[PDB]
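Taking the form solved without the named molecule, here's one chain by itself in structure tokens.
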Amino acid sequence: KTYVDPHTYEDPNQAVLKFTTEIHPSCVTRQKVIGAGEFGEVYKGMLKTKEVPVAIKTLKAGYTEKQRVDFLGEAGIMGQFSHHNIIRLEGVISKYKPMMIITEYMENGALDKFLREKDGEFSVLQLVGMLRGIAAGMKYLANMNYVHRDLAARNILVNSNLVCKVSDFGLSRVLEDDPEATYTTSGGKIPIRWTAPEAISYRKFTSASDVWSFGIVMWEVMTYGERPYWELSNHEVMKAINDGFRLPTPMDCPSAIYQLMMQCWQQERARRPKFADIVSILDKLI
């Protein structure tokens, strides 16, 4: 089995039919708002199937056709995957309004926010375990020939047992354009700070460029959610990186872990480890 790009059908319902389960709206109840996303509100609710807690993404009325395509495209991508460290798609409501994407609920939310909330409270082994889980998910994706393009701690979700799962499967994504962003970068866009040099310059996204992003995720984890490159503008970030600058070792980070970050940030992508190497390396440490 291998990844299929839902765009190839030129009908978003195709990937939905092929890779998702249609859920009847009588089985879904929303209980609270847990966020705002690109397409509309995001809720926590319950899915009757027995009932299970779920995250519920909705498509706000008045959407464009491109939005409708991108919305269903997210489900058409996620539904192709089945792995412990990849957010599980429960299903979609496509045949009623508003349309919904129903995924497994993750109690602790996004990883960057979670580690900030819990700054300093974990052991190295716990942090490494979070990184191993992310890497296992990315290994599964790379073997499916899926390149994520937008791997960052804000796109990893954390459950009550601290299991980390890759989320945010966007059909659409393009690189942000802003030369600055000293505090915050764009919306819907891939941030320059997490993206490999060849992906920025040559638009060359491969699993090796996901590895670069994973290195940045390692640094976010080991720093408890520090912003990569602090308040440097994107202009200065790219200049420094191409001159050989790499983020310094986080406080209390084992040298073996920082060395793996540095391997992930090899300027020349062929010299970076693959996700399989990373999982093995992190397994030895655990």
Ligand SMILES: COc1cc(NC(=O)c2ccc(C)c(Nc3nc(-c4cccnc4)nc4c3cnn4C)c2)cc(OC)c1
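Shifts are known only where both forms have a C-alpha. Throughout, we count residues from 1 along the sequence that is shown. For clarity, a rigid core is taken as the largest C-alpha set superposing within 1.5 Å between two forms.
If you look for the form solved in complex with the named molecule, you will not find it shown, but the lines that follow are about it.
Is the site here open or blocked once the named molecule, taken in the entry with it bound, is overlaid via the site C-alphas (blocked: 3+ ligand atoms within 2.4 Å of backbone or C-beta atoms)? By the 2.4 Å criterion, blocked.
Check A36 for me: does it contact the named molecule in the entry with it bound (non-hydrogen atoms, 4.5 angstroms)? Yes, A36 lies within 4.5 Å of the named molecule in the entry with it bound.
If you check in the entry with it bound, is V42 within 4.5 Å of the named molecule, heavy atoms only? Although the named molecule is absent here, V42 would touch it in the entry with it bound, with heavy atoms inside 4.5 Å.
Using a 4.5 Å heavy atom cut-off, state whether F214 contacts the named molecule in the entry with it bound. Contact check for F214: no, nothing within 4.5 Å of the named molecule in the entry with it bound.
With a 4.5 Å heavy atom cut-off, would you call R173 a contact of the named molecule in the entry with it bound? Contact with the named molecule, yes.
Identify, from the list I190, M78, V128, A199, the residue with a heavy atom within 4.5 Å of the named molecule in the entry with it bound. Result of the distance check: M78.
Which of the residues spanning 86-103 lie within 4.5 Å of the named molecule in the entry with it bound, based on heavy atoms? Sequence-ordered list: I86, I87, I101, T103.
Core-superposed comparison between the shown form and the other one - Cα displaced by 2 angstroms or more, from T185, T206, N159, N143: Only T185 moves by 2 Å or more at its C-alpha.
Since the C-alpha distance between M144 and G187 changes by 3 Å or more in the entry with it bound, give its direction relative to the shown form: closer or farther. Pair moves closer in the entry with it bound.
Pairwise C-alpha change, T185 versus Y202, in the entry with it bound against this form - closer or farther, 3 angstroms or more: So the answer is closer.
If you overlay the rigid core, what runs of at least 3 residues show Cα shifts of 2 angstroms or more between the shown form and the other one? Once the cores are aligned, run 169-190 is the only one whose C-alphas move by at least 2 Å.
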